[PDB]
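Asks: target06.pdb is reproduced below (PDB, C-alpha atoms).
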```pdb
MODEL        1
ATOM      1  CA  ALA A   1     -37.611 254.794  44.143
ATOM      2  CA  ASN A   2     -34.326 256.380  45.200
ATOM      3  CA  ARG A   3     -32.347 254.272  42.736
ATOM      4  CA  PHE A   4     -34.809 255.040  39.947
ATOM      5  CA  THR A   5     -34.596 258.758  40.702
ATOM      6  CA  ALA A   6     -30.809 258.574  40.559
ATOM      7  CA  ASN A   7     -30.999 256.865  37.173
ATOM      8  CA  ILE A   8     -33.507 259.450  35.958
ATOM      9  CA  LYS A   9     -31.318 262.396  36.908
ATOM     10  CA  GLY A  10     -28.231 260.771  35.430
ATOM     11  CA  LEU A  11     -29.940 260.170  32.106
ATOM     12  CA  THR A  12     -31.327 263.705  32.189
ATOM     13  CA  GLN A  13     -27.875 265.256  32.474
ATOM     14  CA  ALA A  14     -26.615 262.804  29.853
ATOM     15  CA  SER A  15     -29.178 264.386  27.543
ATOM     16  CA  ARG A  16     -27.493 267.781  27.779
ATOM     17  CA  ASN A  17     -24.066 266.150  27.538
ATOM     18  CA  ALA A  18     -25.065 264.584  24.227
ATOM     19  CA  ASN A  19     -26.491 267.911  23.093
ATOM     20  CA  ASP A  20     -23.181 269.621  23.803
ATOM     21  CA  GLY A  21     -21.564 266.873  21.758
ATOM     22  CA  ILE A  22     -23.852 267.575  18.817
ATOM     23  CA  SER A  23     -23.084 271.286  19.119
ATOM     24  CA  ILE A  24     -19.312 270.808  19.034
ATOM     25  CA  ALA A  25     -19.570 268.393  16.109
ATOM     26  CA  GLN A  26     -21.700 270.924  14.240
ATOM     27  CA  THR A  27     -19.115 273.651  14.814
ATOM     28  CA  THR A  28     -16.274 271.474  13.562
ATOM     29  CA  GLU A  29     -18.196 270.449  10.450
ATOM     30  CA  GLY A  30     -19.024 274.098   9.803
ATOM     31  CA  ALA A  31     -15.356 275.022   9.758
ATOM     32  CA  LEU A  32     -14.505 272.085   7.507
ATOM     33  CA  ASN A  33     -17.057 273.085   4.873
ATOM     34  CA  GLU A  34     -15.477 276.470   4.229
ATOM     35  CA  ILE A  35     -12.007 274.942   4.376
ATOM     36  CA  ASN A  36     -13.152 272.636   1.575
ATOM     37  CA  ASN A  37     -14.477 275.616  -0.373
ATOM     38  CA  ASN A  38     -11.094 277.327  -0.284
ATOM     39  CA  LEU A  39      -9.269 274.157  -1.287
ATOM     40  CA  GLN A  40     -11.525 273.626  -4.295
ATOM     41  CA  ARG A  41     -11.113 277.239  -5.410
ATOM     42  CA  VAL A  42      -7.340 276.840  -5.179
ATOM     43  CA  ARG A  43      -7.750 273.661  -7.230
ATOM     44  CA  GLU A  44      -9.507 275.686  -9.913
ATOM     45  CA  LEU A  45      -6.614 278.133  -9.900
ATOM     46  CA  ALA A  46      -4.086 275.306 -10.121
ATOM     47  CA  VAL A  47      -5.850 273.900 -13.177
ATOM     48  CA  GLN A  48      -5.799 277.397 -14.668
ATOM     49  CA  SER A  49      -2.052 277.579 -14.078
ATOM     50  CA  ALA A  50      -1.410 274.876 -16.673
ATOM     51  CA  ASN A  51      -2.004 277.388 -19.472
ATOM     52  CA  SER A  52       1.477 277.761 -20.933
ATOM     53  CA  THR A  53       0.296 280.984 -22.576
ATOM     54  CA  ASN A  54       0.668 282.700 -19.198
ATOM     55  CA  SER A  55       3.482 285.189 -18.798
ATOM     56  CA  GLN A  56       5.502 285.216 -15.597
ATOM     57  CA  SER A  57       3.491 288.253 -14.506
ATOM     58  CA  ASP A  58       0.181 286.411 -14.832
ATOM     59  CA  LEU A  59       1.684 283.391 -13.095
ATOM     60  CA  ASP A  60       2.605 285.622 -10.167
ATOM     61  CA  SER A  61      -0.893 287.110 -10.247
ATOM     62  CA  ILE A  62      -2.435 283.667  -9.791
ATOM     63  CA  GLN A  63       0.223 282.705  -7.240
ATOM     64  CA  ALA A  64      -0.863 285.709  -5.194
ATOM     65  CA  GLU A  65      -4.434 284.524  -4.757
ATOM     66  CA  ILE A  66      -3.222 280.962  -4.179
ATOM     67  CA  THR A  67      -0.988 282.150  -1.348
ATOM     68  CA  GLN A  68      -3.751 284.288   0.118
ATOM     69  CA  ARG A  69      -6.236 281.414   0.076
ATOM     70  CA  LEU A  70      -3.769 279.027   1.702
ATOM     71  CA  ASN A  71      -2.934 281.564   4.407
ATOM     72  CA  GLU A  72      -6.647 282.073   4.996
ATOM     73  CA  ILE A  73      -7.001 278.313   5.475
ATOM     74  CA  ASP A  74      -4.277 278.448   8.106
ATOM     75  CA  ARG A  75      -5.995 281.410   9.758
ATOM     76  CA  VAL A  76      -9.326 279.640  10.095
ATOM     77  CA  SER A  77      -7.682 276.435  11.295
ATOM     78  CA  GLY A  78      -5.803 278.333  13.988
ATOM     79  CA  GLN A  79      -8.664 280.556  15.095
ATOM     80  CA  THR A  80     -11.607 278.138  15.209
ATOM     81  CA  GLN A  81     -12.504 277.049  18.718
ATOM     82  CA  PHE A  82     -15.420 275.817  20.812
ATOM     83  CA  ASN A  83     -15.460 277.312  24.307
ATOM     84  CA  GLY A  84     -11.696 277.602  23.898
ATOM     85  CA  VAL A  85     -11.122 274.111  22.475
ATOM     86  CA  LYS A  86      -8.839 274.481  19.445
ATOM     87  CA  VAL A  87     -10.855 271.945  17.484
ATOM     88  CA  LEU A  88      -8.519 272.344  14.485
ATOM     89  CA  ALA A  89      -5.110 272.733  16.151
ATOM     90  CA  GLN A  90      -4.216 269.232  17.372
ATOM     91  CA  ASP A  91      -5.249 265.599  17.208
ATOM     92  CA  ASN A  92      -7.488 265.014  20.207
ATOM     93  CA  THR A  93     -10.126 262.760  21.723
ATOM     94  CA  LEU A  94     -12.862 264.474  23.728
ATOM     95  CA  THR A  95     -14.909 262.619  26.332
ATOM     96  CA  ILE A  96     -18.700 262.703  26.509
ATOM     97  CA  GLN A  97     -20.369 260.582  29.167
ATOM     98  CA  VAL A  98     -23.741 259.401  27.884
ATOM     99  CA  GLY A  99     -24.784 256.823  30.490
TER
ATOM    100  CA  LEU B   1      10.054 319.094  -6.993
ATOM    101  CA  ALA B   2      10.760 317.515 -10.367
ATOM    102  CA  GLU B   3      13.375 318.891 -12.746
ATOM    103  CA  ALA B   4      12.858 319.596 -16.452
ATOM    104  CA  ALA B   5      14.272 316.902 -18.722
ATOM    105  CA  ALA B   6      17.286 318.095 -20.715
ATOM    106  CA  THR B   7      17.728 314.999 -22.919
ATOM    107  CA  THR B   8      15.181 312.752 -24.589
ATOM    108  CA  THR B   9      14.072 309.715 -22.614
ATOM    109  CA  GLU B  10      15.622 306.390 -23.626
ATOM    110  CA  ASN B  11      13.591 303.173 -23.584
ATOM    111  CA  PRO B  12      10.480 304.939 -22.225
ATOM    112  CA  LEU B  13       8.482 301.837 -23.125
ATOM    113  CA  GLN B  14      10.298 299.768 -20.511
ATOM    114  CA  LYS B  15       9.742 302.302 -17.722
ATOM    115  CA  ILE B  16       6.052 302.770 -18.500
ATOM    116  CA  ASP B  17       5.696 298.987 -18.633
ATOM    117  CA  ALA B  18       7.357 298.665 -15.230
ATOM    118  CA  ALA B  19       4.841 301.136 -13.820
ATOM    119  CA  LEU B  20       2.000 299.160 -15.390
ATOM    120  CA  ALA B  21       3.354 295.939 -13.899
ATOM    121  CA  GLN B  22       3.471 297.511 -10.443
ATOM    122  CA  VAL B  23      -0.094 298.794 -10.579
ATOM    123  CA  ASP B  24      -1.553 295.589 -12.025
ATOM    124  CA  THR B  25       0.258 293.559  -9.367
ATOM    125  CA  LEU B  26      -1.287 295.648  -6.608
ATOM    126  CA  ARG B  27      -4.727 295.368  -8.196
ATOM    127  CA  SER B  28      -4.450 291.573  -8.336
ATOM    128  CA  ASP B  29      -3.451 291.557  -4.668
ATOM    129  CA  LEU B  30      -6.584 293.576  -3.916
ATOM    130  CA  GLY B  31      -8.670 291.084  -5.865
ATOM    131  CA  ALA B  32      -7.364 288.162  -3.836
ATOM    132  CA  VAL B  33      -7.700 289.832  -0.518
ATOM    133  CA  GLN B  34     -11.361 290.759  -1.235
ATOM    134  CA  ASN B  35     -12.141 287.086  -1.664
ATOM    135  CA  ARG B  36     -10.349 286.522   1.633
ATOM    136  CA  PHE B  37     -12.750 288.880   3.370
ATOM    137  CA  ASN B  38     -15.839 287.347   1.772
ATOM    138  CA  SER B  39     -14.828 283.846   2.835
ATOM    139  CA  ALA B  40     -14.231 285.183   6.335
ATOM    140  CA  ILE B  41     -17.759 286.605   6.297
ATOM    141  CA  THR B  42     -19.244 283.206   5.510
ATOM    142  CA  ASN B  43     -17.075 281.601   8.194
ATOM    143  CA  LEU B  44     -18.412 284.072  10.733
ATOM    144  CA  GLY B  45     -21.990 283.456   9.633
ATOM    145  CA  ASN B  46     -21.783 279.715  10.147
ATOM    146  CA  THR B  47     -19.973 280.245  13.453
ATOM    147  CA  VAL B  48     -22.661 282.563  14.795
ATOM    148  CA  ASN B  49     -25.452 280.237  13.697
ATOM    149  CA  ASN B  50     -23.902 277.205  15.374
TER
ATOM    150  CA  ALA C   1      30.496 289.306   8.381
ATOM    151  CA  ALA C   2      28.127 286.912   6.606
ATOM    152  CA  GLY C   3      31.124 284.975   5.303
ATOM    153  CA  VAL C   4      30.348 285.639   1.645
ATOM    154  CA  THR C   5      33.455 284.785  -0.388
ATOM    155  CA  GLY C   6      34.120 286.555  -3.677
ATOM    156  CA  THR C   7      34.315 289.943  -5.363
ATOM    157  CA  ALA C   8      31.741 292.563  -4.368
ATOM    158  CA  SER C   9      30.234 294.797  -7.046
ATOM    159  CA  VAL C  10      27.093 296.818  -7.723
ATOM    160  CA  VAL C  11      24.851 295.801 -10.623
ATOM    161  CA  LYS C  12      21.450 296.766 -12.007
ATOM    162  CA  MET C  13      18.677 294.194 -12.394
ATOM    163  CA  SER C  14      17.210 293.252 -15.772
ATOM    164  CA  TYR C  15      14.492 290.620 -16.246
ATOM    165  CA  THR C  16      13.180 288.950 -19.402
ATOM    166  CA  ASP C  17      10.177 286.668 -19.883
ATOM    167  CA  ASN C  18       9.085 284.015 -22.360
ATOM    168  CA  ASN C  19       7.292 286.662 -24.438
ATOM    169  CA  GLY C  20      10.610 288.431 -24.970
ATOM    170  CA  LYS C  21       9.535 291.522 -23.041
ATOM    171  CA  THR C  22      12.168 292.958 -20.714
ATOM    172  CA  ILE C  23      12.191 295.262 -17.684
ATOM    173  CA  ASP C  24      14.736 296.806 -15.327
ATOM    174  CA  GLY C  25      14.624 297.352 -11.580
ATOM    175  CA  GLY C  26      16.781 299.087  -8.968
ATOM    176  CA  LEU C  27      20.268 298.282  -7.720
ATOM    177  CA  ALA C  28      21.797 295.227  -6.077
ATOM    178  CA  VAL C  29      25.109 293.628  -5.118
ATOM    179  CA  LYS C  30      26.333 290.595  -7.062
ATOM    180  CA  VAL C  31      28.877 288.068  -5.791
ATOM    181  CA  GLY C  32      29.301 285.287  -8.311
ATOM    182  CA  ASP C  33      25.831 284.101  -9.263
ATOM    183  CA  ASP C  34      24.399 285.444  -5.990
ATOM    184  CA  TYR C  35      22.625 288.783  -5.618
ATOM    185  CA  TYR C  36      21.443 291.067  -2.837
ATOM    186  CA  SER C  37      19.030 293.979  -3.031
ATOM    187  CA  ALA C  38      20.938 297.235  -2.635
ATOM    188  CA  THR C  39      20.014 300.675  -1.323
ATOM    189  CA  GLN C  40      21.713 303.940  -2.263
ATOM    190  CA  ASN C  41      23.493 305.921   0.406
ATOM    191  CA  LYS C  42      22.917 309.633  -0.081
ATOM    192  CA  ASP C  43      26.660 310.063  -0.747
ATOM    193  CA  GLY C  44      26.780 307.629  -3.679
ATOM    194  CA  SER C  45      27.926 304.582  -1.716
ATOM    195  CA  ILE C  46      25.831 301.413  -1.608
ATOM    196  CA  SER C  47      24.439 299.224   1.172
ATOM    197  CA  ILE C  48      22.818 295.790   1.329
ATOM    198  CA  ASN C  49      19.197 295.571   2.441
ATOM    199  CA  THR C  50      18.496 293.326   5.425
TER
ENDMDL
END
```
Could you write out this structure as structure tokens?

Replies:
Amino acid sequence: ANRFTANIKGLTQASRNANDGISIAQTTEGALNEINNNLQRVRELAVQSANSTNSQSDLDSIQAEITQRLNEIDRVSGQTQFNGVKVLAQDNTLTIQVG
Amino acid sequence: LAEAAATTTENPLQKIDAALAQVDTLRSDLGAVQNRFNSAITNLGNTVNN
Amino acid sequence: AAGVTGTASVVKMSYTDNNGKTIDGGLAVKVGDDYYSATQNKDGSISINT
């Protein structure tokens, strides 16, 4: 009975460990979706840029929003974090005991 | 305080066009930044939900 | 101080586009093909922006 109780409690806490894992994964994915949105919008702008009709002024106009969107991407990447974990600032491998 | 012009302006077109370029540039900057803020809003929304 | 080698002179900026339209800016300092944005001293002398 003692051994079974130990196993029960261990698996119980593993439940919440896995739930924290799902939470962190959800946060990361959430950040990535909007990152993707900005990249695709910048792609639209880049395709627009091909119009040789554009004057240098209009080219700078488009360049402005391109720069702003890129800088926003950097901002989100730097600022995102789960409980302080800079989930988009460095290659990492996070441990989650499940047994 | 501004003086009173004593000789006719030369190439006024170029100067007025420079002013127009300045103002349109600033307006385009405003347009981009506004999108910045809206994207930030959506970022915050997903963050709060999660 | 910067080690720039060549004659120093004060020139005014003019830009032209593919349309053929042209504009003019402020003042700058040109050494060879290089340029530097210039600011007017109140006395009529010129300085390089940094």

Asks: Quick one: of C:23, C:31, C:46, C:38, who's nearest to chain B, counting all atoms listed in the file?

Replies: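 When distances to chain B are compared using all atoms listed in the file, the smallest one comes from C:23.
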
Asks: For the structure provided, state which residues fall under the PyMOL selection byres ((chain B and resi 21-37) around 8), and present them as a list in words.

Replies: residues 57, 61, 64, 65, 68, 69 and 72 of chain A; 17, 18, 19, 20, 38, 39, 40 and 41 of chain B

Asks: At a cut-off of 10 Å, which residues of chain A touch chain B? Count all atoms listed in the file and give the answer as a PyMOL selection string.

Replies: chain A and resi 23-35+37-38+57-58+60-73+75-76+80-82

Asks: Could you please select, counting only C-alpha atoms, the residues of chain A within 12 Å of chain C and state them as a list in words?

Replies: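 So the contacting residues turn out to be residues 52, 53, 54, 55, 56, 57, 58 and 59 of chain A.
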
Asks: When distances are computed from all atoms listed in the file, which of C:6, C:32, C:25, C:44 shows the smallest separation from chain B?

Replies: C:25

Asks: Tell me which protein, DNA and RNA residues are within 8 Å of residue 49 in chain C, counting all atoms listed in the file, leaving out same-chain ones fewer than 6 positions away, and put them as a ChimeraX atom specification.

Replies: /C:36-39

Asks: Quick one: pull the distance between CA of residue 13 in chain C and CA of residue 50 in chain C, Å, one decimal.

Replies: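 Between CA of residue 13 in chain C and CA of residue 50 in chain C the gap is 17.8 Å.
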
Asks: Set the distance at 9 Å and use all atoms listed in the file: which residues neighbour range 90-98 of chain A once local chain neighbours fewer than 4 positions away are removed? I'd like the list as a PyMOL selection string.

Replies: chain A and resi 10-11+13-15+17-18+20-21+86

Asks: For a test of reading the model, state the distance in Å between CA of residue 14 in chain B and CA of residue 12 in chain C, rounded to one decimal.

Replies: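 Between these atoms lies a distance of 14.3 Å.
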
Asks: What separation in Å, quoted to one decimal, exists between CA of residue 29 in chain C and CA of residue 3 in chain C?

Replies: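 Taking CA of residue 29 in chain C and CA of residue 3 in chain C, their separation equals 14.8 Å.
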
Asks: Go through C:24, C:40, C:30, C:48 one by one, measure the shortest atom-to-atom distance of each to residue 5 in chain C using only C-alpha atoms, and give the residue with the smallest value.

Replies: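 For residue 5 in chain C, the nearest of the candidates is C:30.
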